>>> print(open('run_26.txt').read())   # compact mmCIF, C-alpha atoms and all ligand atoms
# COMPACT_ATOMS: atom_id res chain seq x y z
CA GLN Y 538 -302.64 54.08 17.61
CA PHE Y 539 -300.38 55.32 20.52
CA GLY Y 540 -296.66 55.58 21.38
CA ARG Y 541 -295.41 54.54 24.89
CA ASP Y 542 -292.83 55.44 27.55
CA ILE Y 543 -291.51 53.62 30.65
CA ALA Y 544 -294.29 55.12 32.89
CA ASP Y 545 -297.09 53.58 30.71
CA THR Y 546 -297.90 57.08 29.28
CA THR Y 547 -298.15 58.49 25.72
CA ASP Y 548 -294.76 59.46 24.22
CA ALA Y 549 -296.63 60.13 20.89
CA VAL Y 550 -300.19 59.74 19.36
CA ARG Y 551 -301.99 59.34 15.99
CA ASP Y 552 -304.67 61.98 15.29
CA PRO Y 553 -308.16 60.30 14.82
CA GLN Y 554 -309.12 62.56 11.84
CA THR Y 555 -305.88 63.50 9.94
CA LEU Y 556 -303.96 60.29 11.00
CA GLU Y 557 -300.58 62.11 11.30
CA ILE Y 558 -298.21 61.23 14.18
CA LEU Y 559 -297.65 63.77 16.97
CA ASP Y 560 -294.93 63.64 19.62
CA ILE Y 561 -295.94 64.67 23.12
CA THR Y 562 -293.36 66.72 25.08
CA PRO Y 563 -294.45 67.79 28.62
CA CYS Y 564 -294.93 71.57 28.97
CA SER Y 565 -291.78 73.25 30.37
CA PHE Y 566 -291.32 73.04 34.18
CA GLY Y 567 -288.57 73.34 36.82
CA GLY Y 568 -287.63 74.64 40.29
CA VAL Y 569 -287.58 78.36 41.26
CA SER Y 570 -284.53 78.95 43.41
CA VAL Y 571 -284.14 82.42 44.99
CA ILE Y 572 -280.52 83.62 45.28
CA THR Y 573 -280.16 85.96 48.24
CA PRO Y 574 -277.54 87.79 50.25
CA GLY Y 575 -278.83 87.54 53.86
CA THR Y 576 -281.79 89.83 54.87
CA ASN Y 577 -279.35 91.41 57.38
CA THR Y 578 -277.18 92.44 54.31
CA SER Y 579 -279.97 93.37 51.80
CA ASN Y 580 -283.65 92.77 50.82
CA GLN Y 581 -282.60 92.41 47.11
CA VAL Y 582 -282.90 88.95 45.41
CA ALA Y 583 -282.19 87.17 42.13
CA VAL Y 584 -284.31 84.26 40.83
CA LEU Y 585 -283.21 81.13 38.96
CA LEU L 1 -279.83 112.56 57.21
CA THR L 2 -276.44 111.51 55.71
CA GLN L 3 -275.95 111.84 51.93
CA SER L 4 -272.78 110.78 50.03
CA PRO L 5 -270.42 111.47 48.35
CA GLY L 6 -270.55 115.24 49.26
CA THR L 7 -270.04 115.91 45.52
CA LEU L 8 -270.44 113.40 42.64
CA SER L 9 -268.20 114.40 39.69
CA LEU L 10 -268.05 111.40 37.23
CA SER L 11 -268.12 111.77 33.39
CA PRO L 12 -271.41 112.16 31.42
CA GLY L 13 -272.78 108.92 29.79
CA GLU L 14 -271.65 106.67 32.75
CA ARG L 15 -273.57 105.11 35.69
CA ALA L 16 -273.15 107.13 38.93
CA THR L 17 -274.68 106.41 42.40
CA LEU L 18 -275.69 108.83 45.18
CA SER L 19 -276.45 107.36 48.68
CA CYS L 20 -278.82 108.56 51.43
CA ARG L 21 -278.48 107.05 54.97
CA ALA L 22 -280.13 107.43 58.39
CA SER L 23 -280.50 106.39 62.03
CA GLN L 24 -283.68 104.41 62.96
CA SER L 25 -285.54 107.81 63.37
CA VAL L 26 -287.28 107.35 59.95
CA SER L 27 -289.54 104.90 57.95
CA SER L 28 -288.57 102.80 54.87
CA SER L 29 -291.11 103.79 52.10
CA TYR L 30 -291.11 107.61 52.56
CA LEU L 31 -287.70 108.40 50.95
CA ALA L 32 -287.74 110.84 48.02
CA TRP L 33 -285.19 112.69 45.82
CA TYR L 34 -285.06 116.19 44.25
CA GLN L 35 -283.10 118.20 41.66
CA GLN L 36 -282.20 121.91 42.11
CA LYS L 37 -280.32 123.99 39.51
CA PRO L 38 -278.81 127.31 40.84
CA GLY L 39 -281.53 129.53 42.41
CA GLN L 40 -284.50 127.31 41.28
CA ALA L 41 -287.32 125.74 43.29
CA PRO L 42 -286.55 121.97 43.78
CA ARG L 43 -288.05 119.33 41.38
CA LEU L 44 -289.34 115.91 42.67
CA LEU L 45 -287.46 113.05 40.89
CA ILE L 46 -288.16 109.97 43.06
CA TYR L 47 -290.73 109.09 45.75
CA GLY L 48 -291.62 105.83 47.55
CA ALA L 49 -287.83 105.10 47.74
CA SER L 50 -288.01 103.82 44.08
CA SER L 51 -290.90 105.33 42.00
CA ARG L 52 -290.15 108.09 39.44
CA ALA L 53 -292.55 111.02 39.31
CA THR L 54 -294.46 111.46 35.99
CA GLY L 55 -292.27 113.28 33.40
CA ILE L 56 -288.88 112.04 34.79
CA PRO L 57 -286.54 110.00 32.43
CA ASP L 58 -286.33 106.17 32.85
CA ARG L 59 -282.49 106.46 33.28
CA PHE L 60 -282.98 107.52 36.97
CA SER L 61 -283.45 104.67 39.53
CA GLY L 62 -283.94 104.69 43.34
CA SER L 63 -283.42 101.62 45.65
CA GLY L 64 -282.64 100.53 49.25
CA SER L 65 -283.33 98.68 52.52
CA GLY L 66 -283.67 99.39 56.29
CA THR L 67 -281.78 102.75 56.54
CA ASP L 68 -279.35 102.33 53.57
CA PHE L 69 -280.71 103.84 50.33
CA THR L 70 -279.47 105.03 46.92
CA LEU L 71 -280.24 106.91 43.69
CA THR L 72 -278.36 105.64 40.59
CA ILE L 73 -278.17 108.09 37.71
CA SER L 74 -277.45 106.32 34.37
CA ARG L 75 -276.60 107.75 30.90
CA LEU L 76 -275.65 111.05 32.63
CA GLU L 77 -276.31 114.39 30.83
CA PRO L 78 -275.06 118.01 31.47
CA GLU L 79 -278.70 118.77 32.55
CA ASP L 80 -278.00 116.60 35.67
CA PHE L 81 -275.26 119.08 36.82
CA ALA L 82 -277.11 120.44 39.89
CA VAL L 83 -277.45 119.93 43.68
CA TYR L 84 -279.38 116.70 44.44
CA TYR L 85 -281.34 116.29 47.73
CA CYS L 86 -282.83 113.18 49.28
CA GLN L 87 -285.52 113.64 51.99
CA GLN L 88 -287.36 111.30 54.40
CA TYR L 89 -290.37 111.39 56.78
CA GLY L 90 -289.35 111.56 60.50
CA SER L 91 -291.91 108.74 61.12
CA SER L 92 -294.93 111.10 61.79
CA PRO L 93 -294.33 114.77 62.95
CA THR L 94 -291.56 116.22 60.75
CA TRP L 95 -289.89 116.48 57.30
CA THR L 96 -286.08 115.99 56.97
CA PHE L 97 -283.83 116.78 53.96
CA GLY L 98 -280.37 115.44 52.90
CA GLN L 99 -277.10 117.36 52.33
CA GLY L 100 -277.60 118.46 48.67
CA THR L 101 -274.88 116.42 46.89
CA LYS L 102 -273.50 118.63 44.08
CA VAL L 103 -273.45 116.63 40.82
CA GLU L 104 -270.21 118.37 39.67
CA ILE L 105 -269.94 116.00 36.67
CA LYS L 106 -266.74 115.97 34.61
CA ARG L 107 -266.37 118.90 32.13
CA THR L 108 -262.58 119.37 31.47
CA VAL L 109 -259.21 119.28 33.35
CA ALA L 110 -257.18 122.57 33.41
CA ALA L 111 -254.91 124.83 35.56
CA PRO L 112 -255.90 128.57 35.97
CA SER L 113 -254.98 131.48 33.73
CA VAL L 114 -254.26 134.40 36.14
CA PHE L 115 -254.40 138.24 36.15
CA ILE L 116 -253.29 140.60 39.02
CA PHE L 117 -254.51 144.18 39.64
CA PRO L 118 -253.04 146.95 41.92
CA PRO L 119 -255.12 149.92 43.26
CA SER L 120 -256.37 152.65 40.84
CA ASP L 121 -256.69 156.48 40.77
CA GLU L 122 -260.49 156.79 41.41
CA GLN L 123 -260.34 154.13 44.21
CA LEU L 124 -257.35 155.87 45.90
CA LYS L 125 -258.80 159.45 45.51
CA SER L 126 -262.01 158.02 47.15
CA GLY L 127 -259.74 157.21 50.19
CA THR L 128 -259.62 153.41 49.56
CA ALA L 129 -257.65 150.54 48.08
CA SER L 130 -258.66 147.08 46.84
CA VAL L 131 -256.09 144.80 45.16
CA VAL L 132 -257.67 142.16 42.84
CA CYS L 133 -256.42 138.68 41.72
CA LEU L 134 -258.48 136.80 39.06
CA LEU L 135 -258.46 133.06 38.20
CA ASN L 136 -260.24 131.49 35.19
CA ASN L 137 -260.29 128.59 32.66
CA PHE L 138 -259.68 125.84 35.33
CA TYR L 139 -261.23 122.47 36.25
CA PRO L 140 -261.81 121.09 38.90
CA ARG L 141 -262.17 124.03 41.35
CA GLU L 142 -258.94 122.86 43.03
CA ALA L 143 -257.76 126.50 43.54
CA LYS L 144 -255.77 128.13 46.41
CA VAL L 145 -254.79 131.87 46.42
CA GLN L 146 -252.24 133.88 48.52
CA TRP L 147 -251.52 137.68 48.74
CA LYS L 148 -248.00 139.15 49.12
CA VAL L 149 -246.28 142.64 49.34
CA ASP L 150 -244.00 140.89 48.11
CA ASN L 151 -243.62 138.82 51.35
CA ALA L 152 -247.17 138.28 52.86
CA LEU L 153 -250.52 140.15 53.33
CA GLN L 154 -252.89 137.05 53.33
CA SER L 155 -253.12 137.46 57.17
CA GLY L 156 -255.24 140.65 56.62
CA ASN L 157 -258.76 140.46 58.10
CA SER L 158 -260.00 142.57 55.08
CA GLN L 159 -258.98 139.86 52.50
CA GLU L 160 -261.84 138.02 50.64
CA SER L 161 -262.14 135.18 48.02
CA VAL L 162 -265.68 134.54 46.66
CA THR L 163 -267.21 131.13 45.70
CA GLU L 164 -266.37 129.77 42.20
CA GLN L 165 -268.37 130.53 38.99
CA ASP L 166 -268.81 127.69 36.40
CA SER L 167 -268.85 128.75 32.67
CA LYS L 168 -269.66 127.96 28.99
CA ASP L 169 -265.84 127.41 28.74
CA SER L 170 -266.47 124.02 30.53
CA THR L 171 -264.41 125.40 33.48
CA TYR L 172 -264.61 127.28 36.80
CA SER L 173 -263.40 130.84 37.58
CA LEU L 174 -262.98 132.85 40.89
CA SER L 175 -261.76 136.24 42.30
CA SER L 176 -259.85 137.37 45.42
CA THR L 177 -260.17 141.01 46.60
CA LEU L 178 -257.75 142.50 49.17
CA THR L 179 -259.50 145.67 50.40
CA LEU L 180 -257.12 148.13 52.14
CA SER L 181 -256.57 151.78 53.17
CA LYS L 182 -255.09 154.25 50.64
CA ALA L 183 -252.19 154.51 53.16
CA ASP L 184 -251.36 150.80 52.44
CA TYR L 185 -250.93 151.75 48.73
CA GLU L 186 -248.60 154.54 49.96
CA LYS L 187 -246.76 152.01 52.29
CA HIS L 188 -246.22 148.90 50.12
CA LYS L 189 -243.77 149.36 47.16
CA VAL L 190 -245.20 146.33 45.23
CA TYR L 191 -248.30 144.01 45.32
CA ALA L 192 -248.42 140.35 44.18
CA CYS L 193 -250.65 137.24 44.13
CA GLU L 194 -249.60 133.53 43.97
CA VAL L 195 -251.79 130.48 43.08
CA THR L 196 -251.76 126.69 43.77
CA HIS L 197 -253.91 124.31 41.66
CA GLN L 198 -254.40 120.61 40.61
CA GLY L 199 -253.22 119.38 44.10
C1 LIG Y 601 -311.94 62.63 8.46
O1 LIG Y 601 -312.38 63.75 7.63
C2 LIG Y 601 -311.38 64.40 6.75
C3 LIG Y 601 -312.08 65.51 5.94
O2 LIG Y 601 -313.30 65.02 5.38
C4 LIG Y 601 -310.72 63.33 5.87
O3 LIG Y 601 -309.60 63.91 5.18
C5 LIG Y 601 -310.15 62.19 6.73
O4 LIG Y 601 -309.55 61.19 5.86
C6 LIG Y 601 -311.24 61.54 7.61
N1 LIG Y 601 -310.60 60.53 8.47
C7 LIG Y 601 -311.17 59.37 8.79
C8 LIG Y 601 -310.41 58.49 9.79
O5 LIG Y 601 -312.24 59.01 8.31
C1 LIG Y 602 -275.58 92.15 59.87
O1 LIG Y 602 -275.51 93.18 58.83
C2 LIG Y 602 -274.71 94.37 59.19
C3 LIG Y 602 -274.80 95.34 58.01
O2 LIG Y 602 -276.17 95.45 57.58
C4 LIG Y 602 -273.28 93.91 59.50
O3 LIG Y 602 -272.55 95.02 60.06
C5 LIG Y 602 -273.23 92.76 60.52
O4 LIG Y 602 -271.85 92.32 60.66
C6 LIG Y 602 -274.15 91.60 60.10
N1 LIG Y 602 -274.12 90.53 61.11
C7 LIG Y 602 -274.27 89.25 60.83
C8 LIG Y 602 -274.05 88.27 61.99
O5 LIG Y 602 -274.52 88.86 59.69
>>> encode(input="run_26.txt", output="structure tokens")
Amino acid sequence: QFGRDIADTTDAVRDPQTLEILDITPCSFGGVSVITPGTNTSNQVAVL
Amino acid sequence: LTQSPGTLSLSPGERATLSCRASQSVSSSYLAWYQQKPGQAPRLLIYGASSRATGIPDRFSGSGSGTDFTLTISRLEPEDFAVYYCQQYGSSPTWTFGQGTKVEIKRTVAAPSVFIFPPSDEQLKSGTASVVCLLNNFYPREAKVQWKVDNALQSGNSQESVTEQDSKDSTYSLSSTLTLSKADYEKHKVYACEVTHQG
């Protein structure tokens, strides 16, 4: 009925009506680094 | 206010940056920028140190920080060839304008064609002289002019050399006039003009 990963969470599932097999990928996430010359040099920034 | 460079003369189609700079006498949001063609009332381009006014092309962009600020022109056009002013609020009482950086953007490169003119019968019978030396078809306005008889008369307090006229020939032009007595036309056996250009 379910697939499993190391964390004991669903890596995949079977749909209870259509019975096809769905992977689960977590929705995209990451850090938000701000690249800055010092404030004494400029107030401009880039974002990664 | 400081504004730089004193003229900005890059080719059309490029990116070109004007700067506006100040002492701590002024406040950071209230910078603005203006266009003036010859003899016209100025036109508001930028306000808020970065916002375009409505009806200004998206190729203009203002930016800055503290007391160092800029206007970048991009995708330059012959319509940009004008004097450009920044201005800033003097914190509360007073309004202060920049230098008026002439956007003398690249047209051609050329040395002057030259014509030289002695005094004439109507001018002399009217009791006067004025010797004329004419320069045209040049770019930039790199011109220097000197009067001679045939040694030197450029020391004369009555010599004049008007500001340069730009043209549909993608080039500047200018004139020097050496006004004199009719007795100078009787004195000097020849009149001449010499020109230095491109450096
Ligand atoms: C659920 O209903 C659909 C449509 O009637 C059918 O195709 C499917 O086989 C049913 N699944 C189960 C588990 O009964
Ligand atoms: C601070 O910035 C100014 C220019 O904005 C620079 O002249 C100065 O050297 C800087 N000082 C330090 C310690 O970063």
>>> interface_residues(input="run_26.txt", of="chain L", to="chain Y", cutoff="10 Å", atoms="all atoms listed in the file", output="number ranges by chain")
L: 63-66, 68
>>> atom_distance(input="run_26.txt", atom1="atom CA of residue L:134", atom2="atom CA of residue L:149")
17.0 Å
>>> residues_around(input="run_26.txt", residues="stretch 37-41 of chain L", least_positions_apart="3", cutoff="10 Å", atoms="only C-alpha atoms", output="PyMOL selection string")
chain L and resi 34+79-84+102
>>> write_last_selection(input="run_26.txt", atoms="C-alpha atoms", output="PDB file, in the frame of the given file")
ATOM      1  CA  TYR L  34    -285.060 116.190  44.250  1.00  0.00           C
ATOM      2  CA  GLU L  79    -278.700 118.770  32.550  1.00  0.00           C
ATOM      3  CA  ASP L  80    -278.000 116.600  35.670  1.00  0.00           C
ATOM      4  CA  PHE L  81    -275.260 119.080  36.820  1.00  0.00           C
ATOM      5  CA  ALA L  82    -277.110 120.440  39.890  1.00  0.00           C
ATOM      6  CA  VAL L  83    -277.450 119.930  43.680  1.00  0.00           C
ATOM      7  CA  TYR L  84    -279.380 116.700  44.440  1.00  0.00           C
ATOM      8  CA  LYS L 102    -273.500 118.630  44.080  1.00  0.00           C
TER       9      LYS L 102
END
>>> closest_atom_pairs(input="run_26.txt", of="chain Y", to="ligand LIG 601 (chain Y)", cutoff="6 Å", atoms="only C-alpha atoms and all ligand atoms", output="Markdown table")
| residue | atom | partner | partner_atom | distance |
| --- | --- | --- | --- | --- |
| Y:553 | CA | Y:LIG601 | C8 | 5.8 |
| Y:554 | CA | Y:LIG601 | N1 | 4.2 |
| Y:555 | CA | Y:LIG601 | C5 | 5.5 |
>>> atom_distance(input="run_26.txt", atom1="atom CA of residue Y:557", atom2="atom CA of residue Y:541")
16.4 Å
>>> closest_residue(input="run_26.txt", among="L:11, L:2, L:29, L:67", to="ligand LIG 602 (chain Y)", atoms="all atoms listed in the file")
L:67
>>> atom_distance(input="run_26.txt", atom1="atom CA of residue L:135", atom2="atom CA of residue L:159")
15.8 Å
>>> residues_around(input="run_26.txt", residues="stretch 123-127 of chain L", least_positions_apart="5", cutoff="10 Å", atoms="only C-alpha atoms", output="mmCIF file with C-alpha atoms, in the coordinates of the input")
data_model
loop_
_atom_site.group_PDB
_atom_site.id
_atom_site.type_symbol
_atom_site.label_atom_id
_atom_site.label_comp_id
_atom_site.auth_asym_id
_atom_site.auth_seq_id
_atom_site.Cartn_x
_atom_site.Cartn_y
_atom_site.Cartn_z
ATOM 1 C CA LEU L 180 -257.120 148.130 52.140
ATOM 2 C CA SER L 181 -256.570 151.780 53.170
ATOM 3 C CA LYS L 182 -255.090 154.250 50.640
ATOM 4 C CA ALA L 183 -252.190 154.510 53.160
ATOM 5 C CA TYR L 185 -250.930 151.750 48.730
ATOM 6 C CA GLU L 186 -248.600 154.540 49.960
#
>>> closest_residue(input="run_26.txt", among="L:150, L:58, L:121, L:142", to="residue L:194", atoms="all atoms listed in the file")
L:150
>>> axis_aligned_box(input="run_26.txt", around="ligand LIG 602 (chain Y)", padding_each_side="4 Å", output="lines of an AutoDock Vina configuration file")
center_x = -274.0
center_y = 91.9
center_z = 59.8
size_x = 12.3
size_y = 15.2
size_z = 12.4
>>> residues_around(input="run_26.txt", residues="residue L:22", least_positions_apart="2", cutoff="10 Å", atoms="only C-alpha atoms", output="ChimeraX atom specification")
/L:1-3,20,24-27,66-69,88,98
>>> write_last_selection(input="run_26.txt", atoms="C-alpha atoms", output="PDB file, in the coordinates of the input")
ATOM      1  CA  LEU L   1    -279.830 112.560  57.210  1.00  0.00           C
ATOM      2  CA  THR L   2    -276.440 111.510  55.710  1.00  0.00           C
ATOM      3  CA  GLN L   3    -275.950 111.840  51.930  1.00  0.00           C
ATOM      4  CA  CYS L  20    -278.820 108.560  51.430  1.00  0.00           C
ATOM      5  CA  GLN L  24    -283.680 104.410  62.960  1.00  0.00           C
ATOM      6  CA  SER L  25    -285.540 107.810  63.370  1.00  0.00           C
ATOM      7  CA  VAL L  26    -287.280 107.350  59.950  1.00  0.00           C
ATOM      8  CA  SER L  27    -289.540 104.900  57.950  1.00  0.00           C
ATOM      9  CA  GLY L  66    -283.670  99.390  56.290  1.00  0.00           C
ATOM     10  CA  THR L  67    -281.780 102.750  56.540  1.00  0.00           C
ATOM     11  CA  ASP L  68    -279.350 102.330  53.570  1.00  0.00           C
ATOM     12  CA  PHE L  69    -280.710 103.840  50.330  1.00  0.00           C
ATOM     13  CA  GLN L  88    -287.360 111.300  54.400  1.00  0.00           C
ATOM     14  CA  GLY L  98    -280.370 115.440  52.900  1.00  0.00           C
TER      15      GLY L  98
END
>>> residues_around(input="run_26.txt", residues="residue Y:550", least_positions_apart="5", cutoff="12 Å", atoms="only C-alpha atoms", output="mmCIF file with C-alpha atoms, in the frame of the given file")
data_model
loop_
_atom_site.group_PDB
_atom_site.id
_atom_site.type_symbol
_atom_site.label_atom_id
_atom_site.label_comp_id
_atom_site.auth_asym_id
_atom_site.auth_seq_id
_atom_site.Cartn_x
_atom_site.Cartn_y
_atom_site.Cartn_z
ATOM 1 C CA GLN Y 538 -302.640 54.080 17.610
ATOM 2 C CA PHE Y 539 -300.380 55.320 20.520
ATOM 3 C CA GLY Y 540 -296.660 55.580 21.380
ATOM 4 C CA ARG Y 541 -295.410 54.540 24.890
ATOM 5 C CA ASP Y 542 -292.830 55.440 27.550
ATOM 6 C CA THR Y 555 -305.880 63.500 9.940
ATOM 7 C CA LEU Y 556 -303.960 60.290 11.000
ATOM 8 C CA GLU Y 557 -300.580 62.110 11.300
ATOM 9 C CA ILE Y 558 -298.210 61.230 14.180
ATOM 10 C CA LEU Y 559 -297.650 63.770 16.970
ATOM 11 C CA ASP Y 560 -294.930 63.640 19.620
ATOM 12 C CA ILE Y 561 -295.940 64.670 23.120
ATOM 13 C CA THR Y 562 -293.360 66.720 25.080
#
